[PDB]
Amino acid sequence: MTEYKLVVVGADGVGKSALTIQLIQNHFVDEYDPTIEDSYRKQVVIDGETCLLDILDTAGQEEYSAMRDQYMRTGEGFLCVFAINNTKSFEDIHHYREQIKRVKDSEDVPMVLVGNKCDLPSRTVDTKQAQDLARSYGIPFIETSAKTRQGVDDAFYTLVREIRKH
Ligand SMILES: O=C1N[C@H](c2c(CNCc3ccc4ccn(Cc5ccccc5)c4c3)[nH]c3ccccc23)c2cc(O)ccc21
Ligand SMILES: Nc1nc2c(ncn2[C@@H]2O[C@H](COP(=O)(O)OP(=O)(O)CP(=O)(O)O)[C@@H](O)[C@H]2O)c(=O)[nH]1
Ligand SMILES: [Mg+2]
């Protein structure tokens with residue numbers, strides 16, 4: 001039995017809350033309720049190990065950006081979420097990744113690049129663009145949908161596997 005402190009980060013509206021609520025409660029939140037800070041818990045078996053996921057759902061709003069330092073210091077692994085219909089959110093990954101590396105004084109932080117909202121009929125951020133970014137960071141890239149559950153379990157489980165490896 002091992003606890004893993006996971007942090008879900010990204011721009012305001014990429015679907016951080018919807019991804020976490022889908023993982024835990026098995027349902028899609030269609031509403032847009034801006035987050036200040038919430039934490040969720042999930043006990044799952046990953047590679048025969050009982051994993052106690054302590055998931056922090058953070059604010060995309062810059063209004064609460066001062067809270068970032070303490071949670072980045074405490075967090076073991078990070079899901080860096082952008083939406084596939086939002087180029088700006090994809091560009092923001094660099095700024096989130098830079099802050100995490102600086103605060104933790106480490107370039108080798110367990111991290112997973114998450115391209116959310118892949119259920120959408122149209123896309124602005126190409127799969128190859130995101131694969132190339134993940135390859136440049138040396139981290140895994142997983143396409144997800146908080147609506148259909150596409151890649152949601154793989155995103156969180158892969159992050160746990162990155163923490164264990166580190
Ligand atoms: O040291 C910290 N731990 C916070 C934390 C959690 C919460 N652990 C589970 C837990 C236990 C005891 C209570 C008592 C009340 N709550 C509700 C609660 C919800 C959200 C935020 C705080 C409290 C609790 C929730 N998971 C993380 C995953 C990655 C990084 C940091 C955390 C946290 C948040 C923060 O911004 C700064 C520093 C820390
Ligand atoms: N079609 C689709 N919509 C999604 C998906 N994930 C989230 N959404 C939608 O996007 C909107 C924002 O989702 P939300 O989870 O609140 O984003 P957030 O990043 O937590 C917003 P904040 O940073 O302010 O907390 C909601 O209307 C939600 O239904 C998805 O995978 N597919
Ligand atoms: Mg939210």
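When a ligand or atom number is given, it counts from 1 through the structure's own listing order. Positions are given from 1, in the same order as the sequence printed here. Both backbone and side-chain heavy atoms feed into the values below; hydrogens, waters and symmetry mates do not.
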Do [X] and ligand 2 have an N or O pair less than 3.5 Å apart?
| X | result |
| --- | --- |
| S17 | yes |
| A146 | yes |
| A18 | yes |
| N116 | yes |

Among all protein non-hydrogen atoms, which one is nearest to [atom], and what is the separation to 0.1 Å?
| atom | result |
| --- | --- |
| atom 18 (P) of ligand 2 | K16 N, 3.7 Å |
| atom 27 (O) of ligand 2 | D30 O, 3.0 Å |
| atom 13 (O) of ligand 2 | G15 CA, 3.8 Å |
| atom 26 (C) of ligand 2 | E31 O, 3.5 Å |
| atom 32 (N) of ligand 2 | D119 OD1, 2.8 Å |
| atom 22 (P) of ligand 2 | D12 OD1, 3.4 Å |
| atom 9 (C) of ligand 2 | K117 NZ, 4.0 Å |
| atom 11 (C) of ligand 2 | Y32 CD1, 3.7 Å |

With a 4.5 Å heavy-atom cut-off, do [X] and [Y] have their side chains touching?
| X | Y | value |
| --- | --- | --- |
| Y137 | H94 | yes |
| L23 | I55 | yes |
| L79 | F156 | yes |

CG (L113) and CD (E143) are apart, to the nearest 0.5 Å, by 9.5 Å
Rounded to the nearest 0.5 angstrom, the CD-NZ distance for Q22 and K147 is 11.5 Å
Any heavy atom of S145 sitting closer than 4.0 Å to ligand 2? yes
Handout entry: Min heavy-atom dist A11 to ligand 2 below 4.0 Å
Key = yes
Measure and list all N/O to N/O distances between ligand 1 and the protein that fall under 3.5 angstrom.
residue	atom	partner	partner atom	Å
ligand 1	8 (N)	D54	OD1	3.2
ligand 1	8 (N)	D54	OD2	2.8
ligand 1	26 (N)	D54	OD1	2.8
ligand 1	26 (N)	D54	OD2	3.3
ligand 1	36 (O)	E37	OE1	3.3
ligand 1	36 (O)	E37	OE2	2.6

Ligand 2 atoms nearer than 4.0 angstrom to some heavy atom of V14 are 19 (O)
Per-atom filter on ligand 2: closer than 4.0 angstrom to a heavy atom of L120 are 1 (N)
Compare every heavy atom of [Y] with every heavy atom of [X], then report the nearest pair and how far apart it is.
| X | Y | value |
| --- | --- | --- |
| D126 | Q129 | N-OE1, 2.9 Å |
| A146 | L19 | CB-N, 3.6 Å |
| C51 | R164 | SG-NH2, 3.8 Å |

> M72 and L56: same hydrophobic cluster, using ILVMFWY side-chain contacts below 4.5 Å?
Replying inline: yes
* Would you confirm whether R73, through its side chain, and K104, through its main-chain N or O, come within 3.5 Å as a donor-acceptor pair? => no
If we ignore hydrogens and angles and just use 3.5 Å, is the side chain of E76 paired with the main-chain N or O of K5 as donor and acceptor? yes
Chi angles and distances behind the side-chain contact (heavy atoms from CB on, under 4.5 Å) call for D69, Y71: CA-CA 6 Å; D69 275 34; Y71 76 65; over 6 Å; no
Criterion side-chain hydrogen bond (donor to acceptor under 3.5 Å, both in side chains) on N116 and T144, from CA distance to verdict: CA-CA 5 Å; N116 190 49; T144 67; 2.9 Å; yes
Check: of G13, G60, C118, min heavy-atom distance to atom 21 (C) of ligand 2 comes from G13
So side-chain hydrogen bond (donor to acceptor under 3.5 Å, both in side chains) across residues 105-114, not counting sequence neighbours, yields none
Count of protein N, O or S atoms below 2.8 Å from the Mg ion (ligand 3) equals 2
Under 4.0 Å between heavy atoms, the region of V29 that gets near ligand 2 turns out to be backbone
| field | Residues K16, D57; criterion salt bridge (charged side-chain N to carboxylate O under 4.0 Å, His left out); working and verdict | value | CA-CA 7 Å; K16 299 176 296 294; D57 184 27; over 6 Å; no
Only one of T58, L6, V109 passes side chain to side chain contact (heavy atoms under 4.5 Å, CB included) with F78, and that residue is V109
The remaining residues in the hydrophobic cluster of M1, counting side-chain heavy-atom contacts under 4.5 Å among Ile, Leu, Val, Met, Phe, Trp and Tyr, are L52
>> Between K101 and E98, does any NZ, NE, NH1 or NH2 come within less than 4.0 Å of an OD or OE carboxylate oxygen?
In response: yes
